[PDB]
Each structure stands twice: as structure tokens, then as C-alpha cells.
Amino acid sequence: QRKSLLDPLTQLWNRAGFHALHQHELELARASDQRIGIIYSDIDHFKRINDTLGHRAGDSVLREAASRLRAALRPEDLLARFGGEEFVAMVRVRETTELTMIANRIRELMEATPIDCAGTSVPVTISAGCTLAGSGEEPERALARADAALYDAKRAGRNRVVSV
């Protein structure tokens, strides 16, 4: 099947599939009088995990992450993995306060429970940047603003959310 729109490892959307889904969400969003929020998150200290315990361990962390995230969001919310240890969500909401709240939700639940990697339990946190797609703003533009907030989130110490 023409399933090259998925991330093989986690079965989430990949960068390409994610970007194609934008337009239709723009439709839905204007439709239901909602806003389009992006949450861009990244697993903290991922190399440390990988280099220390091996690629399988890291792939395990990634799989557990994708799963927790998927489970913490409504069915219609887009969730993707572009590569590395980063998960990007797109949610239809009313205002940014709600987006931040969703972001810290994901963050806390990732922090709340360690992850089993071949009998070795590994504690992980996640950082996120999040923003609303501006009125008449293009998709990539908002994505980059969220990527940049994520950067600031890492710099500010990690395990935190930066709403912008």
C-alpha cells in the first residue's frame, strides 16, 4: 500500500504526510471556528540513552513515546515523527492557553513514568515549543516558530514548554 506517508518505526505520520494534512485542517479550522496549534516536542538527552544502551533501547524509548502521545490526544489530532527524537502535534483549539495546557500534559505524562528498555528502566523528559498558526500565516511558517520555541525550551533548561 502507498504507506510511505508513515514513520516506519512508530507508525505516526512522517514529515511529508504531516505537511500534506495541513490544507484540510485549514478547511476544518475555519469551518468550526477554531485555531490551528502546533506543538513541537523533543526527547531530552536522547544520545545519552542511545550511546549508552544501544539503538534498540533508543528505538524502544521512541516507540513508547509515540504510544503515550497518541493515547493522550483526541483521534482527530495529527501526530507525527519527522526523524530523530521529535514529535510534532497539530491540534484544533480556541486559544493558545489550551495549546500550552495540552503540551504540559504530554510533558508531565512522559516524565511521570520511566520506560522499560530490555529490563533496564530509563527515565525520560521532553521539551516542547508551541504556537498558533497566525491569521493568514502559512503552515511551514508556524512550524518554524514552534521549532524555534522548542530550541528556547531546551536552552532554558529542558523538560519544559515554551508557548509563543
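We number the residues from 1 along the sequence you see.
For the pair 92-100 and 28-36, the record assigns the higher mean C-alpha temperature factor to 28-36. According to the PDB record, 114-122 carries the higher mean C-alpha B-factor of the two stretches 114-122 and 64-72. Per the PDB record, residue ranking by Cα B-factor puts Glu137 in the highest third of the chain.
Remark: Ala148 belongs to the lowest third of its chain, ranked by C-alpha B-factor as recorded. Per the deposited record, the Cα B-factor of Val164 falls in the lowest third when ranked against the other modelled residues of its chain.
The entry lists a Cα temperature factor for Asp59 that places it in the lowest third of the chain's modelled residues. Split the chain's modelled residues into thirds by C-alpha temperature factor. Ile43 is in the middle one.
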